[PDB]
Amino acid sequence: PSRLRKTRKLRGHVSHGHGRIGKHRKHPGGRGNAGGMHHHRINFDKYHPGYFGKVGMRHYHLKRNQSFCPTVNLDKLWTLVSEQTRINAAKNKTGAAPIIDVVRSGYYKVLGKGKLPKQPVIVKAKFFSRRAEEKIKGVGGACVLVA
Amino acid sequence: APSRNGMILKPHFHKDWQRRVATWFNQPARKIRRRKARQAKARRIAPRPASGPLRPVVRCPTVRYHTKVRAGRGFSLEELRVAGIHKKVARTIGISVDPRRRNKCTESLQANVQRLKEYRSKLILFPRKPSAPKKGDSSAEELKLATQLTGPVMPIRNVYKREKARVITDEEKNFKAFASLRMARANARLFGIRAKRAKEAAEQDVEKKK
RNA sequence: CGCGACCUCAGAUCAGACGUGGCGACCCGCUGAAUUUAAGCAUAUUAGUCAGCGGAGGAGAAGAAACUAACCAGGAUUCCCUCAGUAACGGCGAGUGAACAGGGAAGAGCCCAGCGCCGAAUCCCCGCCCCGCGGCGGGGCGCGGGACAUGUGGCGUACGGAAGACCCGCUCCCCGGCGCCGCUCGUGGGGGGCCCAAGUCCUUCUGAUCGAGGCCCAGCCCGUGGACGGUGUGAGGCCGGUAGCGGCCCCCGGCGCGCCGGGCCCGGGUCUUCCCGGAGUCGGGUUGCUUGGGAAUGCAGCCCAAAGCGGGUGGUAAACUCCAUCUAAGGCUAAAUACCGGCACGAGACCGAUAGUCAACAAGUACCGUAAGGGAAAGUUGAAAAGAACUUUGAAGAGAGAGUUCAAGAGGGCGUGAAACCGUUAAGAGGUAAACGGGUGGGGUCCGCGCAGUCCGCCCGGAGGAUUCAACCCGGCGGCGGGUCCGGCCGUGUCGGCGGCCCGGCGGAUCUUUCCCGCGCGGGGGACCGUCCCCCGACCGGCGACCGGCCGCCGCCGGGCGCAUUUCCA
RNA sequence: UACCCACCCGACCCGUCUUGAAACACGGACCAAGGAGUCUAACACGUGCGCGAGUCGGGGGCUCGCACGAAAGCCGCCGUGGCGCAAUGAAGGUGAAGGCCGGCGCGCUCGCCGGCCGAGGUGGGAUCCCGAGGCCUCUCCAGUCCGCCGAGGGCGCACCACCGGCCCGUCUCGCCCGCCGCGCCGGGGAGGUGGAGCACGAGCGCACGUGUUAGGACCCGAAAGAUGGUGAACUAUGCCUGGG
RNA sequence: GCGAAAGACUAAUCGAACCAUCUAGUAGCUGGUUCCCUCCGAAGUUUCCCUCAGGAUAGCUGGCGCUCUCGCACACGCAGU
RNA sequence: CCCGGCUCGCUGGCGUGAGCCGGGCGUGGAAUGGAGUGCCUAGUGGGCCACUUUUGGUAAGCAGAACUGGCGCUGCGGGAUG
RNA sequence: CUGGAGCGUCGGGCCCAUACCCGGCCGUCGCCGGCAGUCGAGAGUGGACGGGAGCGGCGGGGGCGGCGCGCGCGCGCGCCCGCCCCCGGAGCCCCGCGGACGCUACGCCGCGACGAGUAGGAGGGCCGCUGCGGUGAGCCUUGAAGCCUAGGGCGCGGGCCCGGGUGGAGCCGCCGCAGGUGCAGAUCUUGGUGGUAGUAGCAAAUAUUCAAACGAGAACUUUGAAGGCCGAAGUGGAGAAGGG
RNA sequence: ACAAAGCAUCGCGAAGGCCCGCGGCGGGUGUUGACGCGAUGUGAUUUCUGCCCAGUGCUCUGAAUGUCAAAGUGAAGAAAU
RNA sequence: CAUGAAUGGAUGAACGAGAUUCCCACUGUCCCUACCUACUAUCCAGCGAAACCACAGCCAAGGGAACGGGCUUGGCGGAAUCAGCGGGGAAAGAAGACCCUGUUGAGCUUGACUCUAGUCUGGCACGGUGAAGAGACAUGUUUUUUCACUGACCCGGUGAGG
RNA sequence: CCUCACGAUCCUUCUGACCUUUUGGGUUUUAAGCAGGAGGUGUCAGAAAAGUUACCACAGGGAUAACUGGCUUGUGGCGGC
RNA sequence: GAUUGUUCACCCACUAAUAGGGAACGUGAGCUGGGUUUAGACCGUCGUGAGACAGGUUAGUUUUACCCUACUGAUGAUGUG
Ligand SMILES: [Mg+2]
Ligand SMILES: [Mg+2]
Ligand SMILES: [Mg+2]
Ligand SMILES: [Mg+2]
Ligand SMILES: [Mg+2]
Ligand SMILES: [Mg+2]
Ligand SMILES: [Mg+2]
Ligand SMILES: [Mg+2]
Ligand SMILES: [Mg+2]
Ligand SMILES: [Mg+2]
Ligand SMILES: [Mg+2]
Ligand SMILES: [Mg+2]
Ligand SMILES: [Mg+2]
Ligand SMILES: [Mg+2]
Ligand SMILES: [Mg+2]
Ligand SMILES: [Mg+2]
Ligand SMILES: [Mg+2]
Ligand SMILES: [Mg+2]
Ligand SMILES: [Mg+2]
Ligand SMILES: [Mg+2]
Ligand SMILES: [Mg+2]
Ligand SMILES: [Mg+2]
Ligand SMILES: [Mg+2]
Ligand SMILES: [Mg+2]
Ligand SMILES: [Mg+2]
Ligand SMILES: [Mg+2]
Ligand SMILES: [Mg+2]
Ligand SMILES: [Mg+2]
Ligand SMILES: [Mg+2]
Ligand SMILES: [Mg+2]
Ligand SMILES: [Mg+2]
Ligand SMILES: [Mg+2]
Ligand SMILES: [Mg+2]
Ligand SMILES: [Mg+2]
Ligand SMILES: [Mg+2]
Ligand SMILES: [Mg+2]
Ligand SMILES: [Mg+2]
Ligand SMILES: [Mg+2]
Ligand SMILES: [Mg+2]
Ligand SMILES: [Mg+2]
Ligand SMILES: [Mg+2]
Ligand SMILES: [Mg+2]
Ligand SMILES: [Mg+2]
Ligand SMILES: [Mg+2]
Ligand SMILES: [Mg+2]
Ligand SMILES: [Mg+2]
Ligand SMILES: [Mg+2]
Ligand SMILES: [Mg+2]
Ligand SMILES: [Mg+2]
Ligand SMILES: [Mg+2]
Ligand SMILES: [Mg+2]
Ligand SMILES: [Mg+2]
Ligand SMILES: [Mg+2]
Ligand SMILES: [Mg+2]
Ligand SMILES: [Mg+2]
Ligand SMILES: [Mg+2]
Ligand SMILES: [Mg+2]
Ligand SMILES: [Mg+2]
Ligand SMILES: [Mg+2]
Ligand SMILES: [Mg+2]
Ligand SMILES: [Mg+2]
Ligand SMILES: [Mg+2]
Ligand SMILES: [Mg+2]
Ligand SMILES: [Mg+2]
Ligand SMILES: [Mg+2]
């Protein structure tokens, strides 16, 4: 609101928080992101390094749907499925191992972060990591692919 | 004139946003303009599914989106000769006909056929005249209803089937699922080059012979 | 050296139609900068924007893929969200800068040409009648015209269609009238007219009340009505109104039965024969504009210019080569969708007459410029003109009385009526221009007082004078506090009931299709865990959550106590 | 305290640009009225509130003639998505996990197999816990309670410094391979370095402050440029027709 | 445009009219910038600049803060010394 | 500081050297004062004067540095005035 | 001004700043501040409770002393034994049984310390303007806003509050929210008003005078008379365009 | 000063010179024809008009072995080439 | 320094509100001034404006934005005014026309950079008929020189008259 | 022997890897990357750029000149030992 | 006095001398405007040209006092009944 502004406290205050030596003139520097090479250089070079120039390779027309691929970490599969499906098993005595469609919860790829609880699993996913492989194997249980 | 850490910002107001600004103080009166259509259309077509005709189960395209399903435009043609519904009749019976779908699989064909088979069965064909003959459903199955279907006819919900826990045979537990991806992605990589060498090596067996 | 068909082409104030201007927000073609931006600067951008120009309607354009895609695929348009301020473009810099998927509003699809089938099955204009005539139309009857064989009607159009054979089942739509029956959502469709509660009750203010108390429940009445405006001040009640499936009368709208006149022999499913795409178009070369399209996204001119298992597309040129997906060169269309112009309304954290639109009024007015054009100022008496009758001074303008007014110190540019500014009355000052800061002093106008301001408040002692008590019990009433947690009710933590669990539900991709219903799936039921309720029993916080008794204390009321008491007064 | 007056001391006219103004710099006769940091988008930090590995907001829907209403309420919407929940590479893509123990492979600081523990350590680290010893307490002793003091010792967040570790890129080096297939296939090591990385999380939504831009842009303030139009009534010329 | 030629004149206008719009044109440049009080309180210094009337970043300032110490008989640190 | 012990692929006849674990040992010149560290960020970026040092210039109220001190930015007693 | 009021070197004595001291008062910062109902002033504990006993004690330093002593333990009373008793009452400087008047818990209170300022920041504004949601049994025809006041006051001050008159219709206080929000300045905009000032000025063509009329009023009109001018290339008599 | 008369060059035989226009088979000179039209120079009369084609222009039935696009034709290739 | 031949050189009769120089006559041009008239100013009746103004307005010197009215010290000052006057108020008029800078312009110029209308030439297009004949390559193709033709195309004239 | 003796972005080229992309697949060209070298900005942190204006204009400027004034006094003038 | 826009000079002449200076380089609302120094023009040179030239030459609008002051005069003024 208007009421809670400095401009209220700057009346009778001649130059208006803006200096009477060098006034508030219109557009001293330039207009917007202007003088990046020349003379505003010191910002752009010290504060946004790697702005000026090309790099890399075009992929031109590009569509993200083509390369949609979310990630999950082992870390939290023992979320995706209702926690009761874990408490059931860890127990049960038959080596059930519940199935986890990392598909069905919304992730085109599973990755090996974190601990995994000592508990056999069947993870059905798309693009598994290596480490995700190893951890699941080394716990017990398996890595099934989906198309 | 930037000062000490921000972003760059290419705000695009160098043109003339000012003239062509649409504010939205229609929004709520529009909400209501709309209400009165939804409303009126229903009272006009009294017994008829308010939402609109029956529309097919259909799979979303691009790779990310795969696992979803939709109300499609309309049921295919191939689909109908199968359900035994004439395409020009369907259009009068509140059955939505796209006639522009390449049907590729028996899975999504019969899935989508079952919707028509379902529809027939729970459809009260309200007869041409009052004193009318065949195919119109009887004065009992007629009195019972005046019922507009509020909401989308036979709504398409993305439903999955649970897989019970298993035993994990020592065979699922051997498959190195990472390795086999890398294999896959290299055989698909080089399938073509590899084929040029069979084509050259088959050339050398004839070129050594001559 | 004629007459006659046709073809081309004239003339008609011929018979009948129609076109042209305007409006122009929104709508469509094109055209088209420069300020500006880049700290210059021309590249770029402003920006396909303004002007210019052309064109439409109640909306405009587009639209039934030569699309999307790379999926396990979708499926006309437009719009909103979203992608996403992203893929790329750029003295890769200022900037620029879209799209594909999903969700949602809405959602409707269709028609030509050709190939062919069908005695042009067609079409136009006359004349006579029958109905119909305030959007000119049906019905019939006419060797009454004419187009059309260089091609008019039906089916048909690619999602297949035609034609055949036998497979099945069986017959209602359309239009001109001409009636009639149900007035057919704001909660009786549109419009108009006409209509529907309750105080000027008392008293009292006031010029006038609409104001303030009161008036059988905040008073009286009404209140599906207490919005608002009017009404010589603030009024639910006086009046218009307001509310109110309140009433009635016209008209208009739309939809339902009958009669009639006309039109129409219009299905569904199977096996075969054949039949198919729109040319100076696509494409290419080039140049020019454009976007973002790119070793070319779009559009252009010119040049070259195709094919038929072809063509386009399938987004860095190209050859080969594999796969997908449409089908151009013909065309229509509601709906959402846009609306600073129009008519007609409704509202506001708005402005409130140097603001608000130039314009509250003779406002696009007065006036200016030859003209394009430019373009103002200016609201208010009072409630009622009741707007000074009459005497008098004054040539007359003006006055003095008087009169009207609640008020003329509201007098026709009148509410109020500031300051600069000027008008005069009173006081005081005044040779260093005034004006200013600090400090006093004199004087005034006012302001407090005092005809002692002796300021009050306790307590006490003394002396006068006067009511009922206080202290005490007893009857009652009401509090408070205490606990015995005594008894009961309440809830916290624990335990027991496995008792609600099915008479307790809901959540869970938990489990059984041993179940049931409907089509492996959906719905339903049944098992499981997590949750939330009953029974009672035990412990404990025993908690402001009480409620009952017992207590202890206080207060009030009513009794008792008549006076060394307990008050009042001086 | 205010009005006039009187005196004594003080004393230049404000505003502004300005190294320096009473300026022999400029604005400023006086008075009324009007009058200049505004809105939006985008960032950023700071802060307020909701919920929290989520959280939202629309746009849509369902609920109104609105009086209040163009409100409020509600929606597997509630997530179709944004933001966050992971980075790194130009790109194909890979992707945050280590310790330990035993066993097996010659522990060859190489490979694999069973168990245990799970985000490594050091130094600082608010600091919580333990605490030897006092320090009284009417007597001598005895002794439970109760606090104060308390040397010394333990856990140690947050944070900081360091040492370790793991993902990706790139290099170097060098080992063994699996074998739906054949390796100009895929795969595994050691060391170093680049990374806006992980190493037991902090975002989301909504406020408000500040700031910075884009925006007319704090107001006022050019010489220009462009697009369209009107003018020879003055004058300059030509012509036509008149007069001296 | 028109000029026997002088940048003459084009309706008080000419080194090239007037009118309206683009139009808040742009301006590193003049001027101004509107209520009280309290606290702290500069710089005209650094490197790059088509930079010298301006910017860029060095400074100095404020605010916002936080981590702690202990003046609670029982302190380490810092410093125009 | 001082003891003990471990590790190394570097270095070397052995040791060094470095790194760690484990123990043993306190006010280490005066005077002063509570210390640490993280964001945002305005104005400013024409300055001028004095002692002393000093470069141009002859000299300046001239031009340009050092060092410090002022004024700007801030009155007051004094320096008649400034 | 002159053995000086000149100049050297020197005394005493005195004079004065916003400087220092003491005090007064108003700011701010800090005090790990106290103060949300409690003992206690280099504080150096307090309390059960037992067994045993009593004039014991704790028979330690010219320390000058700090930690132990001369207002009591035990005692007066009840009579060697009991006690050593209850604040709804010790009578209270300590009171722990319950707590300010004071405690708007962003209130109030004591210490110290400190408060030059342009640009800028920041904070604080029962400082000010207009709008709305609340709220004030607000105010008002028994007189509101504005306006006016050598009428009493208050704040440091923004302003605020009070005294009267006039005015004639509406207004304000708090808690919130909302602004187009506070002027002396911009050769700022509009309207008005001064000084100048009763100032500049009413100077091109030689020219008027008398009488009467009319008239309230005559230098200015008219008639007469007289003097004059233009002086037919005119100030003569008619037209165009323009004017209407 | 300009113009002026006088002197002087220069292009032009109309599918042209010079010239306009946005455009047409558009228009002015032009109801013209070299004694005219267009383009310049000097400035009456008298006397005279000196040398320089080294630069830049202009220009010339001039070689264009200097180069030089499009298209055009030659070649490799599989095609852009 | 530094003329000069149609950027014309040299002359010159007439003419020039064209530039100089000298002489006669004349003259209030001057020694050096004087007087007279008309209209004013002036004074009155009537009518009455503007420009400008921070506040204002006696001086010296000091200092001082280095020439102040203010202030310091001095000098001093009697109300209200009229005609004059031009010494001062750096008087007014008029954000300097001189000069610098701006990434502010305009007008002009050319050997600036980048482009343009226009014109010259080449190619391609409408864009044909016939005829000869030649070379180059090859063992038909290409290049085509030259000359006709008239149907497009072009210009000529009229009342389209042989 | 030490202290100078050279240079971003974008652009161009050459080299390097059985490198990545060239995208509905595949093979070859071709193109884009990646990583190193060269072309180069002499204004050296990197503008692709001639004049004149006495016909001139606007923002500004005592930060920039031409008078007046101050200081200074080289020179000038004047005067001493 | 002659010359000269001139300050500056030089000469004739007189006398007594023909000293030197200041006052915003005394003195444009005192004048004039001769020279500087606009716009018109001409020659010299330079420039390719627009144009340049302390290189010459001729034509080229010279405002406003009434306001306070100073001064010159003129009335006056409080004081002396
Ligand atoms: Mg300030
Ligand atoms: Mg300023
Ligand atoms: Mg729908
Ligand atoms: Mg029209
Ligand atoms: Mg600029
Ligand atoms: Mg620019
Ligand atoms: Mg420019
Ligand atoms: Mg451009
Ligand atoms: Mg564009
Ligand atoms: Mg664009
Ligand atoms: Mg337009
Ligand atoms: Mg689409
Ligand atoms: Mg009413
Ligand atoms: Mg009313
Ligand atoms: Mg009524
Ligand atoms: Mg095309
Ligand atoms: Mg473009
Ligand atoms: Mg089509
Ligand atoms: Mg259409
Ligand atoms: Mg349409
Ligand atoms: Mg008005
Ligand atoms: Mg108005
Ligand atoms: Mg009025
Ligand atoms: Mg008024
Ligand atoms: Mg009145
Ligand atoms: Mg009145
Ligand atoms: Mg009224
Ligand atoms: Mg009045
Ligand atoms: Mg008065
Ligand atoms: Mg008097
Ligand atoms: Mg300046
Ligand atoms: Mg001065
Ligand atoms: Mg100025
Ligand atoms: Mg995003
Ligand atoms: Mg321009
Ligand atoms: Mg000229
Ligand atoms: Mg500056
Ligand atoms: Mg200097
Ligand atoms: Mg202060
Ligand atoms: Mg407002
Ligand atoms: Mg104001
Ligand atoms: Mg005469
Ligand atoms: Mg006449
Ligand atoms: Mg010549
Ligand atoms: Mg010659
Ligand atoms: Mg030559
Ligand atoms: Mg002057
Ligand atoms: Mg510059
Ligand atoms: Mg220019
Ligand atoms: Mg050139
Ligand atoms: Mg050597
Ligand atoms: Mg491709
Ligand atoms: Mg392909
Ligand atoms: Mg000139
Ligand atoms: Mg200066
Ligand atoms: Mg200065
Ligand atoms: Mg000087
Ligand atoms: Mg003389
Ligand atoms: Mg002079
Ligand atoms: Mg003058
Ligand atoms: Mg003068
Ligand atoms: Mg002259
Ligand atoms: Mg001249
Ligand atoms: Mg000559
Ligand atoms: Mg020359």
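Residues numbered from 1 in each chain as written, not as in the entry; some residues may be left out. Chains lettered and ligands numbered in written order. Part of a larger assembly, values for the part shown. Heavy atoms only, no water.

Where the PDB entry is consulted, chain B appears under the name Ribosomal protein eL13, with the organism given as Oryctolagus cuniculus. The title given to this entry in the Protein Data Bank is "Structure of the engaged state of the mammalian SRP-ribosome complex".

Looking up chain A in the PDB entry gives the name Ribosomal protein uL15, with the organism given as Oryctolagus cuniculus.

Q: Help me understand the overall build of chain B in this model?
A: Helix and strand counts for chain B stand at six helices and two strands. Each helix and strand of chain B, ordered N terminal to C terminal, gives the series α-β-β-α-α-α-α-α. Relative to the 2.2 N^0.38 estimate, which gives 17 Å for 210 residues, the radius of gyration of chain B is 30 Å and therefore markedly larger than a compact globule would have. Of all 210 residues assigned to chain B, the portion counted as buried reaches 17%. Restricting the contact set of chain B to residue pairs at least 6 apart, pairs at least 24 apart contribute 56%. Per element, the accessible surface of chain B, about 18100 Å² overall, is 55% carbon and sulfur. In chain B, 56 side chains carry a positive charge and 17 a negative one; their mean positions are 14 Å apart. (Helix = DSSP H or I, 4+ residues; strand = E, 2+ residues; numbered from the N terminus. Rg over C-alpha atoms; globule rule 2.2 N^0.38 Å. Buried < 20%, exposed > 50% of the residue type's maximum accessible area, 1.4 Å probe, protein only. Contact = heavy atoms within 4.5 Å. Areas by Shrake-Rupley, 256 points an atom, 1.4 Å probe, with all protein chains shown as cover. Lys, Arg positive; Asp, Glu negative; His and termini not counted. Charge placed at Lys NZ, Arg CZ, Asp CG, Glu CD.)

Q: Whenever I open this one, helix α4 (residues 106-121) of chain B confuses me. Can you help?
A: Turn by turn, an α-helix covers 3.6 residues, leaving residues three or four places apart pointing in a common direction. All names here are of chain B. Taking 1.5 Å as the rise per residue, α4 with 16 residues should run 22 Å; its terminal C-alpha atoms sit 22 Å apart, in good agreement. Within α4, the full set of buried residues consists of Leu109, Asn112, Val113, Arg115, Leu116 and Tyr119. Projection of α4 onto a plane perpendicular to its axis shows the buried side chains occupying an angular sector of 145 degrees, all on one side. Turned more than 90 degrees away from the buried face of α4 sit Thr106, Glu107, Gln114 and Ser121, all of them exposed. Looking at the buried positions of α4, the neighbouring elements they touch are β1 (57-59) and α2 (80-83). (Expected span 1.5 Å × (residues − 1). Arc of directions from axis to C-beta.)

Q: What am I meant to see in the interface of chain A and chain B here?
A: Each partner contributes residues to the interface: chain A has 36 residues there, and chain B has 34 residues. Counting the surface lost from both chain A and chain B, the interface buries some 2900 Å², and carbon and sulfur atoms represent 60% of this. Taken together, the links from chain A to chain B amount to ten residue pairs in polar contact. Put simply, the parts of the chain that give the side of chain A that touches chain B at least two residues each are α2 (41-47), β2 (99-101), α4 (102-105), β4 (121-125), α5 (130-139) and β5 (141-145) of chain A. (Buried area = accessible area lost by both parts, 1.4 Å probe. Polar contact = N/O pair within 3.5 Å; in protein donor to acceptor, adjacent residues only side chain to side chain.)

Q: Honestly, the environment of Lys126(A) in this entry has me stumped. Any pointers?
A: Mapped onto the elements, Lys126(A) comes out in the loop between β4 and α5. Remark: the alpha-carbon pair of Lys126(A) and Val14(A), spanning 112 residues in sequence, is separated by 68 Å. What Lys126(A) contacts, discounting residues up to four positions off in sequence, is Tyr108(A), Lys109(A), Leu145(A), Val146(A), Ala147(A), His66(B) and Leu181(B).

Q: I tried to follow the pattern of salt bridges on my own but got confused; where do I start?
A: Proximity of charged atoms lets side chains of opposite charge pair with each other. Within this structure, the stated rule accounts for four salt bridges over all chains. Note that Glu163(B) and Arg104(A) form a salt bridge whose closest N and O atoms lie 3.4 Å from each other. On the criterion of chain membership, the pair formed by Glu163(B) in the loop between α5 (140-143) and α6 (177-207) and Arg104(A) in helix α4 is interchain, its members lying in two chains. (Salt bridge = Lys/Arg side-chain N within 4 Å of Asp/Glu carboxyl O.)

Q: How should a nonpolar patch on the surface be read in this particular structure?
A: All names here are of chain B. A cluster of nonpolar side chains, namely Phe13, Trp17 and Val21, defines an oily patch on the protein surface of about 330 Å² accessible area. Checked against the element boundaries, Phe13 lands in the segment before α1 (27-44). The class for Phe13 is exposed, based on a relative accessible area of 56%. (Patch = residues over 30% accessible without salt bridge, like charges linked within 9 Å, V, L, I, M, F, W, Y side chains within 5 Å.)

Q: What exactly am I supposed to notice about the nonpolar core here?
A: Most often, soluble globular proteins have nonpolar side chains that are buried together. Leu77(A), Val102(A), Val110(A), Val123(A) and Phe128(A) are the most contacted members of the largest nonpolar core, which has 16 residues in total. At the level of elements, β4 and α5 of chain A are the ones that each hand at least two residues to this core. The greatest single-element share of this core, amounting to three residues, is contributed by β4(A). If sequence neighbours within four positions are ignored, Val102(A) has contacts with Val72(A), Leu80(A), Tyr107(A), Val110(A), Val123(A), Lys124(A) and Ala125(A). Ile85(B), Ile95(B), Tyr119(B) and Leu123(B) belong to the second largest nonpolar core, which has 15 residues in total. (Core = buried A, V, L, I, M, F, W, Y, C linked by side-chain atoms within 4.5 Å.)

Q: For this particular structure, what's the right way to read the packing of aromatic side chains?
A: Geometry of an aromatic ring pair is reported as the spacing of the ring centres plus the angle between the planes. All names here are of chain A. Applying the stated criterion to the full structure yields five aromatic pairs over all chains. Ring geometry for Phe68 against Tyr108: centres 5.8 Å apart, planes inclined by 85 degrees, an arrangement best described as edge-to-face. Taken together, the residues span a long stretch of sequence, with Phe68 in the loop between α2 and β1 (72-73) and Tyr108 in the loop between α4 and β3 (110-111) at a distance of 40 residues. Of the residues examined, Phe68 reaches a relative accessible area of 31% and is grouped as partly exposed. Taken together, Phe44, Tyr51 and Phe52 form an aromatic cluster joined through their ring pairs. For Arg58, the ring lying beneath its charged end belongs to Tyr60, and the centroid distance is 4.9 Å. (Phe/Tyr/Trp six-rings, centres within 6.5 Å; stacked < 30°, edge-to-face > 60°. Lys NZ or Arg CZ within 6 Å of the ring centre and 35° of its normal.)

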